[PDB]
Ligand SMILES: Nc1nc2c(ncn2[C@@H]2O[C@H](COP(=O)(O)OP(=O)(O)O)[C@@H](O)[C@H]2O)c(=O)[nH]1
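A single chain comes next, written as structure tokens; it is the form solved without this ligand.
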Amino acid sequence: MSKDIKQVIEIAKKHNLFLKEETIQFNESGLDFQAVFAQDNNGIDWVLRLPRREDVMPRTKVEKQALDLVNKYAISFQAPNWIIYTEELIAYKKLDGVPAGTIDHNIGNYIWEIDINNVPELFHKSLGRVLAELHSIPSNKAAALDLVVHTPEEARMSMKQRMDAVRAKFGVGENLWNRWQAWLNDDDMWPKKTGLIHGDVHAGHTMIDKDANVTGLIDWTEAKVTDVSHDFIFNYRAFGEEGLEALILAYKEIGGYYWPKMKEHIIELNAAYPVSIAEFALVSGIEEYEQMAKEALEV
């Protein structure tokens, strides 16, 4: 730990980031990297990723391309800007604010920084602005993007394929499968546009100020150009229909792509949540996710 602190200091030093030793904090980490918070010698807070795996550049290429787009175009919110980006260290200045909530992974619950029983309307207004700006970034103007890019029909066929693959692996309850298929087959419910999405929008990744304005988004690994609807699912799951409606309203009124069955579509996408849990179970090998998936698939 003194060894680990000493190592952090040394790695940062080699990238000309000079840290106050007493401020170094090691955070909950997965297998890709160790997450660290530290303050530099000018009093500025930083976020570091210490790599735990080889091939950092290929594995971070998509996330970095997404961040490059957001930093190039977006002004209504902050995103990580990897001023230090090498195989040995990724580091960026910490975004302002705090997460709206963080997941306690043992009860399976958010620890909220807002009042869940009286959600500030500015959360929805600000997130609506943020998402409308994000989703209208002209990703097509990049010369060489490696993000997944879907047309509207490609986004629908992607879901169709993902569902078939989960069914083949785990099975799916009959009623749930029929619901998914009815959704896939309802032409008019599907969006007729796609856009650049964050892909992991939830309270842990939405940085808020003291008034619950969303001022920043972190953790862009799931970014891609596809159905914008994924970025609305958190509002529904956390806040119910009221929170979903408030976000849709804010988004629509500031100019975001809106279609008549948008709410209905997002609710059907929410019903397809088990697809994501099943995929995560398969790729992570974490038994608890396999169990959660099988329960959610109604098998």
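Quick note: we count residues from 1 along the sequence shown, nothing fancier. C-alpha atoms forming the largest set that superposes within 1.5 Å between two forms make up the rigid core.
Of the two stretches examined, 194-202 and 80-88, the one with higher mean CA deviation in 7 other deposited structures of this protein after a rigid core fit is 80-88. The segment moving more, judged by mean Cα distance from this form in 7 other deposited structures of this protein after a core overlay, is 53-61 among 53-61 and 253-261. The PDB entry records a higher mean C-alpha B factor for 80-88 than for its counterpart among 194-202 and 80-88. Note on 26-34 vs 246-254: mean CA B-factor is higher in 26-34. Ranking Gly128, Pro99, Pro120, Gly171 by the C-alpha B-factor listed in the PDB entry places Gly171 at the top. For the set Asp40, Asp231, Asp55, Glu63, the PDB entry puts the maximum C-alpha B factor at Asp40. Ranked by C-alpha B-factor against the other modelled residues of its chain, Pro260 falls in the highest third. In this PDB entry, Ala238 carries a Cα temperature factor that places it within the lowest third of its chain's modelled residues.
Ranked within its chain, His135 lands in the lowest third, by CA B factor from the PDB record. Remark: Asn71 belongs to the lowest third of its chain, ranked by C-alpha B-factor as recorded. When the modelled residues of the chain are ordered by their C-alpha B factor, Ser158 lands in the middle third.
Only in words, not in the display: the form deposited with this ligand bound, which the text now covers.
Listed stretches are 211-219, 123-131, 184-192, 152-160; the contact stretch with this ligand in the bound PDB entry is 211-219, by a heavy atom cutoff of 4.5 Å. The shortest heavy atom separation between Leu95 and this ligand in the bound PDB entry is within 4.5 Å. Among residues of the shown chain, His205 is one whose heavy atoms approach this ligand to within 4.5 Å in the bound PDB entry. In the bound PDB entry, this ligand stays beyond 4.5 Å of every heavy atom belonging to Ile248. Among heavy atoms of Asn27, some come within 4.5 Å of this ligand in the bound PDB entry.
This chain appears without its partner; in the bound PDB entry, the one residue of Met262, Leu67, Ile254, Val47 with a heavy atom within 4.5 Å of this ligand is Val47.
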